[PDB]
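Student: Provided herewith is a single structure, encoded as structure tokens, for subsequent inquiry.
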Amino acid sequence: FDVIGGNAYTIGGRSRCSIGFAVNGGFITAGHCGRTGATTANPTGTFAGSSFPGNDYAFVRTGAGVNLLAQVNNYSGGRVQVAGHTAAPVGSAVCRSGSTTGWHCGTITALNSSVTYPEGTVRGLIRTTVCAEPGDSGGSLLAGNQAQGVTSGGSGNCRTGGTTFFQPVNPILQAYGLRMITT
């Protein structure tokens, strides 16, 4: 089974979230998607660290038969190569891949933003003009070929527009001592 950024995965049968990025040992996604020990399908895996609220990140460990690719689905029948994870500055054009709305782009308008979800406050977020809908959570945010973050949440939708916040990738890699797959 191929793990590609932006694709749906399921948790207890529910397509709640999208894949963020492939890393050594599995993939990273949003913490609100599930708690440590929860199991996924497509791909088969287990949450092996989750931080939400406060942060919004998680790592899902995958095992045999799962190919971890340095790619993000562009939802036009192609893939985008993930080349690194150098953070882009405010004003940068960024595109999000998620399993509900596909590929949508916008610009970074703030860093270290806070939002208050029903569950509590999440801080340290990338604020953007990219739209997202439920199902897109956990999905990839790219500036060109550089991983920026995974979809956390926001307001609005892709029909009328909205504001979407992303958990930056660097703190996730640091939290779990992970390296992004490049090849």
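Letters A, B, ... mark the chains of the structure tokens in the order given; residue numbers begin at 1 per chain; ligand numbers begin at 1, in order shown.
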Fewer than 3 positions away in the same chain doesn't count, so skip those; otherwise give me all residues within 6 Å of region 66-81 of chain A, counting only C-alpha atoms, as a list in words.
Tutor: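 Those residues are residues 1, 2, 3, 4, 5, 6, 22, 102, 103, 181, 182 and 183 of chain A.
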Student: Residue 162 (chain A): which residues within 7 Å, counting only C-alpha atoms, same-chain residues fewer than 3 positions away excluded, as JSON, numbers by chain?
Tutor: {"A": [129, 130, 131, 155, 156, 157, 158]}
Student: Please provide the set of residues having any atom within 8 Å of region 107-120 of chain A, restricted to only C-alpha atoms, with same-chain residues fewer than 3 positions apart removed, written as number ranges by chain.
Tutor: A: 53-54, 89-94, 123-130
Student: Write to file, as a JSON list (two decimals), in the first residue's frame, the residues of the selection just made, with N, CA, C and O atoms.
Tutor:
[["chain", "number", "residue", "atom", "x", "y", "z"],
["A", 53, "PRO", "N", -5.20, 19.19, 22.76],
["A", 53, "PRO", "CA", -4.94, 20.51, 22.21],
["A", 53, "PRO", "C", -3.57, 21.02, 22.66],
["A", 53, "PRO", "O", -2.69, 20.20, 22.96],
["A", 54, "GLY", "N", -3.37, 22.33, 22.70],
["A", 54, "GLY", "CA", -2.04, 22.87, 22.95],
["A", 54, "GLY", "C", -1.24, 22.88, 21.66],
["A", 54, "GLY", "O", -0.93, 23.95, 21.12],
["A", 89, "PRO", "N", 8.41, 31.90, 4.82],
["A", 89, "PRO", "CA", 7.99, 33.07, 5.56],
["A", 89, "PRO", "C", 6.55, 33.50, 5.31],
["A", 89, "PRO", "O", 5.92, 33.07, 4.34],
["A", 90, "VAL", "N", 6.03, 34.37, 6.17],
["A", 90, "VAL", "CA", 4.73, 34.99, 5.96],
["A", 90, "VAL", "C", 4.68, 35.59, 4.54],
["A", 90, "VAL", "O", 5.69, 36.13, 4.06],
["A", 91, "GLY", "N", 3.52, 35.48, 3.88],
["A", 91, "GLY", "CA", 3.33, 35.92, 2.49],
["A", 91, "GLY", "C", 3.54, 34.85, 1.43],
["A", 91, "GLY", "O", 3.16, 35.03, 0.27],
["A", 92, "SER", "N", 4.14, 33.73, 1.82],
["A", 92, "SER", "CA", 4.44, 32.65, 0.87],
["A", 92, "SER", "C", 3.19, 31.98, 0.31],
["A", 92, "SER", "O", 2.23, 31.78, 1.06],
["A", 93, "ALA", "N", 3.24, 31.61, -0.97],
["A", 93, "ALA", "CA", 2.16, 30.84, -1.57],
["A", 93, "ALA", "C", 2.31, 29.40, -1.07],
["A", 93, "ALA", "O", 3.39, 28.80, -1.15],
["A", 94, "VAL", "N", 1.23, 28.87, -0.54],
["A", 94, "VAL", "CA", 1.24, 27.50, -0.04],
["A", 94, "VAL", "C", 0.02, 26.77, -0.60],
["A", 94, "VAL", "O", -1.02, 27.39, -0.92],
["A", 123, "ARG", "N", -1.90, 26.49, 20.08],
["A", 123, "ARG", "CA", -1.03, 27.64, 19.82],
["A", 123, "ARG", "C", 0.05, 27.25, 18.82],
["A", 123, "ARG", "O", 0.20, 26.08, 18.46],
["A", 124, "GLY", "N", 0.79, 28.25, 18.35],
["A", 124, "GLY", "CA", 1.94, 27.99, 17.50],
["A", 124, "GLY", "C", 1.61, 27.66, 16.07],
["A", 124, "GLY", "O", 2.46, 27.06, 15.37],
["A", 125, "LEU", "N", 0.42, 28.05, 15.62],
["A", 125, "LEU", "CA", -0.11, 27.64, 14.31],
["A", 125, "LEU", "C", 0.21, 28.60, 13.18],
["A", 125, "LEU", "O", 0.32, 29.82, 13.39],
["A", 126, "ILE", "N", 0.35, 28.04, 11.98],
["A", 126, "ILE", "CA", 0.48, 28.82, 10.76],
["A", 126, "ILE", "C", -0.93, 29.22, 10.29],
["A", 126, "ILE", "O", -1.77, 28.36, 10.05],
["A", 127, "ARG", "N", -1.19, 30.51, 10.19],
["A", 127, "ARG", "CA", -2.47, 30.99, 9.69],
["A", 127, "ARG", "C", -2.40, 31.21, 8.18],
["A", 127, "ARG", "O", -1.43, 31.78, 7.69],
["A", 128, "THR", "N", -3.42, 30.74, 7.45],
["A", 128, "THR", "CA", -3.45, 30.91, 5.98],
["A", 128, "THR", "C", -4.82, 31.27, 5.44],
["A", 128, "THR", "O", -5.82, 31.13, 6.14],
["A", 129, "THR", "N", -4.86, 31.64, 4.15],
["A", 129, "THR", "CA", -6.12, 31.90, 3.44],
["A", 129, "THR", "C", -6.54, 30.66, 2.65],
["A", 129, "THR", "O", -7.42, 30.74, 1.78],
["A", 130, "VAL", "N", -5.89, 29.52, 2.91],
["A", 130, "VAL", "CA", -6.26, 28.29, 2.21],
["A", 130, "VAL", "C", -7.58, 27.81, 2.83],
["A", 130, "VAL", "O", -7.77, 27.95, 4.01]]
Student: Using only C-alpha atoms, which protein or nucleic acid residues come within 12 Å of residue 176 (chain A)? Drop anything in the same chain fewer than 6 positions from it, and give the result as a list in words.
Tutor: residues 23, 24, 25, 26, 27, 28, 48, 49, 50, 51, 57, 58, 59, 60, 61, 169 and 170 of chain A
Student: How would the residues just chosen look if you wrote them out with N, CA and C atoms as a PDB file, in the first residue's frame?
Tutor:
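Listing of again-v4.pdb after writing:
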ATOM      1  N   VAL A  23       7.472   9.864   7.087  1.00  0.00           N
ATOM      2  CA  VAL A  23       8.684  10.009   7.891  1.00  0.00           C
ATOM      3  C   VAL A  23       9.233   8.613   8.158  1.00  0.00           C
ATOM      4  N   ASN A  24      10.472   8.492   8.636  1.00  0.00           N
ATOM      5  CA  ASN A  24      10.973   7.157   8.989  1.00  0.00           C
ATOM      6  C   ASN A  24      10.006   6.514   9.970  1.00  0.00           C
ATOM      7  N   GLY A  25       9.495   5.337   9.614  1.00  0.00           N
ATOM      8  CA  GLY A  25       8.624   4.565  10.515  1.00  0.00           C
ATOM      9  C   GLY A  25       7.130   4.779  10.369  1.00  0.00           C
ATOM     10  N   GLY A  26       6.720   5.731   9.539  1.00  0.00           N
ATOM     11  CA  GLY A  26       5.299   5.951   9.349  1.00  0.00           C
ATOM     12  C   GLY A  26       4.999   7.313   8.779  1.00  0.00           C
ATOM     13  N   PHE A  27       3.979   7.966   9.314  1.00  0.00           N
ATOM     14  CA  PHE A  27       3.561   9.275   8.796  1.00  0.00           C
ATOM     15  C   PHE A  27       3.093  10.185   9.916  1.00  0.00           C
ATOM     16  N   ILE A  28       3.147  11.482   9.655  1.00  0.00           N
ATOM     17  CA  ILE A  28       2.678  12.457  10.607  1.00  0.00           C
ATOM     18  C   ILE A  28       1.372  13.065  10.115  1.00  0.00           C
ATOM     19  N   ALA A  48       1.314   6.540  17.577  1.00  0.00           N
ATOM     20  CA  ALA A  48       2.429   6.332  18.514  1.00  0.00           C
ATOM     21  C   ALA A  48       2.905   7.650  19.129  1.00  0.00           C
ATOM     22  N   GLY A  49       1.987   8.576  19.294  1.00  0.00           N
ATOM     23  CA  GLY A  49       2.292   9.860  19.902  1.00  0.00           C
ATOM     24  C   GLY A  49       1.284  10.828  19.330  1.00  0.00           C
ATOM     25  N   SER A  50       0.631  11.575  20.216  1.00  0.00           N
ATOM     26  CA  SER A  50      -0.399  12.536  19.807  1.00  0.00           C
ATOM     27  C   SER A  50      -0.460  13.656  20.820  1.00  0.00           C
ATOM     28  N   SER A  51      -0.432  14.887  20.322  1.00  0.00           N
ATOM     29  CA  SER A  51      -0.505  16.062  21.170  1.00  0.00           C
ATOM     30  C   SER A  51      -1.602  16.990  20.666  1.00  0.00           C
ATOM     31  N   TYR A  57      -0.584  17.672  16.700  1.00  0.00           N
ATOM     32  CA  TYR A  57       0.240  16.756  15.919  1.00  0.00           C
ATOM     33  C   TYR A  57       0.187  15.340  16.420  1.00  0.00           C
ATOM     34  N   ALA A  58       0.507  14.422  15.516  1.00  0.00           N
ATOM     35  CA  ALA A  58       0.562  13.004  15.841  1.00  0.00           C
ATOM     36  C   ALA A  58       1.467  12.288  14.879  1.00  0.00           C
ATOM     37  N   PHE A  59       1.953  11.135  15.315  1.00  0.00           N
ATOM     38  CA  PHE A  59       2.777  10.274  14.498  1.00  0.00           C
ATOM     39  C   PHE A  59       2.082   8.929  14.474  1.00  0.00           C
ATOM     40  N   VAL A  60       1.927   8.365  13.276  1.00  0.00           N
ATOM     41  CA  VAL A  60       1.317   7.044  13.123  1.00  0.00           C
ATOM     42  C   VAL A  60       2.400   6.098  12.616  1.00  0.00           C
ATOM     43  N   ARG A  61       2.709   5.066  13.404  1.00  0.00           N
ATOM     44  CA  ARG A  61       3.711   4.080  13.004  1.00  0.00           C
ATOM     45  C   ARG A  61       3.068   3.075  12.071  1.00  0.00           C
ATOM     46  N   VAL A 169       5.566  21.614  10.744  1.00  0.00           N
ATOM     47  CA  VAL A 169       6.179  20.262  10.816  1.00  0.00           C
ATOM     48  C   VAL A 169       7.419  20.170  11.706  1.00  0.00           C
ATOM     49  N   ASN A 170       8.216  21.231  11.783  1.00  0.00           N
ATOM     50  CA  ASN A 170       9.476  21.123  12.511  1.00  0.00           C
ATOM     51  C   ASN A 170       9.356  20.694  13.975  1.00  0.00           C
TER      52      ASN A 170
END
Student: Any chance you could list, as a count of residues only, the residues in region 78-182 of chain A that come up alpha helix (DSSP H) when DSSP is run on the backbone?
Tutor: 8
Student: Which polymer residues have any atom within 12 Å of an atom of residue 17 (chain A), counting only C-alpha atoms, with same-chain residues fewer than 3 positions away left out, as an mmCIF file with N, CA, C and O atoms, in the first residue's frame?
Tutor:
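To be explicit, this is the file written out as part-v6.cif:
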data_model
loop_
_atom_site.group_PDB
_atom_site.id
_atom_site.type_symbol
_atom_site.label_atom_id
_atom_site.label_comp_id
_atom_site.auth_asym_id
_atom_site.auth_seq_id
_atom_site.Cartn_x
_atom_site.Cartn_y
_atom_site.Cartn_z
ATOM 1 N N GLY A 5 1.140 11.828 0.835
ATOM 2 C CA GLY A 5 0.552 13.000 1.503
ATOM 3 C C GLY A 5 -0.781 13.422 0.888
ATOM 4 O O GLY A 5 -0.947 13.423 -0.338
ATOM 5 N N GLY A 6 -1.744 13.753 1.743
ATOM 6 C CA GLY A 6 -3.026 14.299 1.290
ATOM 7 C C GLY A 6 -4.103 13.255 1.095
ATOM 8 O O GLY A 6 -5.278 13.604 0.937
ATOM 9 N N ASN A 7 -3.703 11.985 1.085
ATOM 10 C CA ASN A 7 -4.673 10.883 0.947
ATOM 11 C C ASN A 7 -5.428 10.602 2.250
ATOM 12 O O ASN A 7 -4.903 10.804 3.343
ATOM 13 N N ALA A 8 -6.646 10.110 2.119
ATOM 14 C CA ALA A 8 -7.442 9.729 3.286
ATOM 15 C C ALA A 8 -6.825 8.512 3.964
ATOM 16 O O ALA A 8 -6.214 7.663 3.306
ATOM 17 N N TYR A 9 -6.990 8.409 5.276
ATOM 18 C CA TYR A 9 -6.806 7.127 5.951
ATOM 19 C C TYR A 9 -7.993 6.996 6.878
ATOM 20 O O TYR A 9 -8.734 7.953 7.073
ATOM 21 N N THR A 10 -8.213 5.815 7.432
ATOM 22 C CA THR A 10 -9.375 5.677 8.290
ATOM 23 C C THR A 10 -8.964 5.321 9.706
ATOM 24 O O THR A 10 -7.916 4.682 9.927
ATOM 25 N N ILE A 11 -9.782 5.755 10.654
ATOM 26 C CA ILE A 11 -9.594 5.380 12.066
ATOM 27 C C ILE A 11 -10.927 4.856 12.575
ATOM 28 O O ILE A 11 -11.909 5.592 12.575
ATOM 29 N N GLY A 12 -10.957 3.594 13.004
ATOM 30 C CA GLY A 12 -12.220 2.939 13.353
ATOM 31 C C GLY A 12 -13.249 3.056 12.233
ATOM 32 O O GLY A 12 -14.439 3.256 12.485
ATOM 33 N N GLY A 13 -12.786 2.974 10.991
ATOM 34 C CA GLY A 13 -13.691 3.024 9.836
ATOM 35 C C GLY A 13 -14.076 4.404 9.335
ATOM 36 O O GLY A 13 -14.673 4.543 8.258
ATOM 37 N N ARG A 14 -13.716 5.438 10.088
ATOM 38 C CA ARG A 14 -14.128 6.797 9.756
ATOM 39 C C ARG A 14 -12.990 7.520 9.047
ATOM 40 O O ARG A 14 -11.854 7.488 9.512
ATOM 41 N N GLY A 20 -0.308 13.516 6.398
ATOM 42 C CA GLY A 20 0.517 14.705 6.333
ATOM 43 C C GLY A 20 1.734 14.432 5.460
ATOM 44 O O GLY A 20 1.750 14.766 4.258
ATOM 45 N N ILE A 28 3.147 11.482 9.655
ATOM 46 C CA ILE A 28 2.678 12.457 10.607
ATOM 47 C C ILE A 28 1.372 13.065 10.115
ATOM 48 O O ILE A 28 1.095 13.090 8.901
ATOM 49 N N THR A 29 0.563 13.536 11.061
ATOM 50 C CA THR A 29 -0.820 13.940 10.785
ATOM 51 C C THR A 29 -1.218 14.836 11.963
ATOM 52 O O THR A 29 -0.337 15.171 12.766
ATOM 53 N N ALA A 30 -2.502 15.202 12.082
ATOM 54 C CA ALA A 30 -2.934 16.117 13.146
ATOM 55 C C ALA A 30 -3.248 15.311 14.404
ATOM 56 O O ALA A 30 -3.795 14.216 14.318
ATOM 57 N N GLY A 31 -2.894 15.848 15.565
ATOM 58 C CA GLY A 31 -3.191 15.195 16.862
ATOM 59 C C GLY A 31 -4.660 15.012 17.164
ATOM 60 O O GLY A 31 -5.044 14.071 17.857
ATOM 61 N N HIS A 32 -5.507 15.909 16.660
ATOM 62 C CA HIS A 32 -6.948 15.757 16.904
ATOM 63 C C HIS A 32 -7.557 14.580 16.140
ATOM 64 O O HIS A 32 -8.709 14.218 16.394
ATOM 65 N N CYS A 33 -6.794 13.972 15.233
ATOM 66 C CA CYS A 33 -7.284 12.817 14.484
ATOM 67 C C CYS A 33 -7.446 11.570 15.329
ATOM 68 O O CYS A 33 -8.342 10.770 15.078
ATOM 69 N N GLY A 34 -6.587 11.397 16.326
ATOM 70 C CA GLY A 34 -6.728 10.244 17.195
ATOM 71 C C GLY A 34 -5.717 10.255 18.308
ATOM 72 O O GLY A 34 -4.778 11.048 18.295
ATOM 73 N N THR A 40 -5.168 2.629 12.636
ATOM 74 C CA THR A 40 -5.611 3.139 11.347
ATOM 75 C C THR A 40 -5.717 2.027 10.306
ATOM 76 O O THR A 40 -5.139 0.953 10.475
ATOM 77 N N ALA A 41 -6.450 2.299 9.226
ATOM 78 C CA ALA A 41 -6.406 1.450 8.037
ATOM 79 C C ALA A 41 -6.117 2.340 6.827
ATOM 80 O O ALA A 41 -6.322 3.557 6.890
ATOM 81 N N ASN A 42 -5.641 1.742 5.738
ATOM 82 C CA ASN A 42 -5.288 2.507 4.533
ATOM 83 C C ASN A 42 -4.403 3.740 4.795
ATOM 84 O O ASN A 42 -4.756 4.846 4.402
ATOM 85 N N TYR A 57 -0.584 17.672 16.700
ATOM 86 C CA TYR A 57 0.240 16.756 15.919
ATOM 87 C C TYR A 57 0.187 15.340 16.420
ATOM 88 O O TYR A 57 -0.096 15.101 17.590
ATOM 89 N N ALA A 58 0.507 14.422 15.516
ATOM 90 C CA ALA A 58 0.562 13.004 15.841
ATOM 91 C C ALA A 58 1.467 12.288 14.879
ATOM 92 O O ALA A 58 1.713 12.756 13.772
ATOM 93 N N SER A 97 -3.078 19.693 0.440
ATOM 94 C CA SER A 97 -3.681 18.512 -0.144
ATOM 95 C C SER A 97 -4.470 17.809 0.958
ATOM 96 O O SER A 97 -3.945 17.538 2.026
ATOM 97 N N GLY A 98 -5.737 17.521 0.698
ATOM 98 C CA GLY A 98 -6.575 16.854 1.669
ATOM 99 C C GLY A 98 -7.625 16.024 0.957
ATOM 100 O O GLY A 98 -7.964 16.274 -0.205
ATOM 101 N N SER A 99 -8.134 15.027 1.654
ATOM 102 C CA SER A 99 -8.973 14.009 1.013
ATOM 103 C C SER A 99 -10.435 14.426 0.778
ATOM 104 O O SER A 99 -11.181 13.698 0.128
ATOM 105 N N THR A 100 -10.868 15.561 1.318
ATOM 106 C CA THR A 100 -12.250 16.005 1.109
ATOM 107 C C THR A 100 -12.374 17.016 -0.010
ATOM 108 O O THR A 100 -13.311 16.968 -0.801
ATOM 109 N N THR A 101 -11.433 17.948 -0.062
ATOM 110 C CA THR A 101 -11.520 19.021 -1.047
ATOM 111 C C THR A 101 -10.412 18.977 -2.102
ATOM 112 O O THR A 101 -10.458 19.733 -3.069
ATOM 113 N N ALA A 132 -10.353 24.754 3.853
ATOM 114 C CA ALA A 132 -10.305 23.332 4.167
ATOM 115 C C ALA A 132 -11.664 22.933 4.683
ATOM 116 O O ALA A 132 -12.452 23.786 5.107
ATOM 117 N N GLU A 133 -11.942 21.640 4.614
ATOM 118 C CA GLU A 133 -13.188 21.127 5.151
ATOM 119 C C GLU A 133 -12.830 19.960 6.050
ATOM 120 O O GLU A 133 -11.689 19.535 6.053
ATOM 121 N N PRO A 134 -13.776 19.511 6.886
ATOM 122 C CA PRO A 134 -13.477 18.328 7.674
ATOM 123 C C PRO A 134 -13.221 17.134 6.747
ATOM 124 O O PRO A 134 -13.953 16.907 5.729
ATOM 125 N N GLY A 135 -12.195 16.385 7.101
ATOM 126 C CA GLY A 135 -11.663 15.329 6.270
ATOM 127 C C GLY A 135 -10.289 15.740 5.794
ATOM 128 O O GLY A 135 -9.421 14.895 5.646
ATOM 129 N N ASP A 136 -10.099 17.044 5.549
ATOM 130 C CA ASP A 136 -8.786 17.558 5.121
ATOM 131 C C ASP A 136 -7.774 17.628 6.267
ATOM 132 O O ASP A 136 -6.569 17.775 6.026
ATOM 133 N N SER A 137 -8.255 17.592 7.508
ATOM 134 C CA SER A 137 -7.366 17.666 8.688
ATOM 135 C C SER A 137 -6.206 16.678 8.596
ATOM 136 O O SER A 137 -6.415 15.532 8.185
ATOM 137 N N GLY A 138 -5.008 17.091 9.008
ATOM 138 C CA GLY A 138 -3.863 16.194 9.035
ATOM 139 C C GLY A 138 -3.107 16.236 7.731
ATOM 140 O O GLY A 138 -1.980 15.766 7.668
ATOM 141 N N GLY A 139 -3.739 16.785 6.691
ATOM 142 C CA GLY A 139 -3.169 16.800 5.344
ATOM 143 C C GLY A 139 -1.991 17.739 5.170
ATOM 144 O O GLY A 139 -1.678 18.522 6.046
ATOM 145 N N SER A 140 -1.333 17.628 4.027
ATOM 146 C CA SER A 140 -0.060 18.284 3.752
ATOM 147 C C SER A 140 -0.233 19.746 3.420
ATOM 148 O O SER A 140 -1.137 20.118 2.684
ATOM 149 N N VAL A 150 0.869 20.490 8.846
ATOM 150 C CA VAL A 150 -0.277 19.620 8.603
ATOM 151 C C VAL A 150 -1.542 20.376 9.011
ATOM 152 O O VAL A 150 -1.529 21.184 9.951
ATOM 153 N N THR A 151 -2.629 20.117 8.289
ATOM 154 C CA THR A 151 -3.873 20.853 8.489
ATOM 155 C C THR A 151 -4.450 20.650 9.892
ATOM 156 O O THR A 151 -4.642 19.515 10.318
ATOM 157 N N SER A 152 -4.713 21.747 10.613
ATOM 158 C CA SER A 152 -5.315 21.636 11.946
ATOM 159 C C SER A 152 -6.823 21.920 11.859
ATOM 160 O O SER A 152 -7.643 21.066 12.186
ATOM 161 N N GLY A 153 -7.198 23.101 11.390
ATOM 162 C CA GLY A 153 -8.608 23.450 11.320
ATOM 163 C C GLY A 153 -8.775 24.902 10.960
ATOM 164 O O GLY A 153 -7.820 25.549 10.524
#
Student: Rounded to one decimal place, report the CA of residue 95 (chain A)-CA of residue 36 (chain A) distance in Å.
Tutor: 28.4 Å
Student: Apply DSSP to the structure's backbone, then extract all residues of region 70-178 of chain A labelled strand (DSSP E or B) and return them as a ChimeraX atom specification.
Tutor: /A:70-73,79-81,84,93-98,102-117,120-128,140-143,146-157,161-168
Student: Tell me which of A:16, A:85, A:35, A:159 sits closest to residue 104 (chain A), counting only C-alpha atoms.
Tutor: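 Of A:16, A:85, A:35, A:159, the one nearest residue 104 (chain A) is A:159, counting only C-alpha atoms.
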Student: Figure out the distance between CA of residue 84 (chain A) and CA of residue 147 (chain A), please, to one decimal in Å.
Tutor: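 Separation of CA of residue 147 (chain A) and CA of residue 84 (chain A): 6.2 Å.
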Student: For residue 87 (chain A), which of A:39, A:121, A:167, A:55 is the closest residue, counting only C-alpha atoms?
Tutor: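 Checking each of A:39, A:121, A:167, A:55 against residue 87 (chain A), counting only C-alpha atoms, the winner is A:167.
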Student: Please measure the separation of CA of residue 146 (chain A) and CA of residue 82 (chain A), giving the value in Å to one decimal.
Tutor: 6.0 Å
Student: Calculated over only C-alpha atoms, which of the candidates A:83, A:65, A:19, A:44 has the smallest distance to residue 145 (chain A)?
Tutor: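 Using only C-alpha atoms, the shortest distance to residue 145 (chain A) belongs to A:83.
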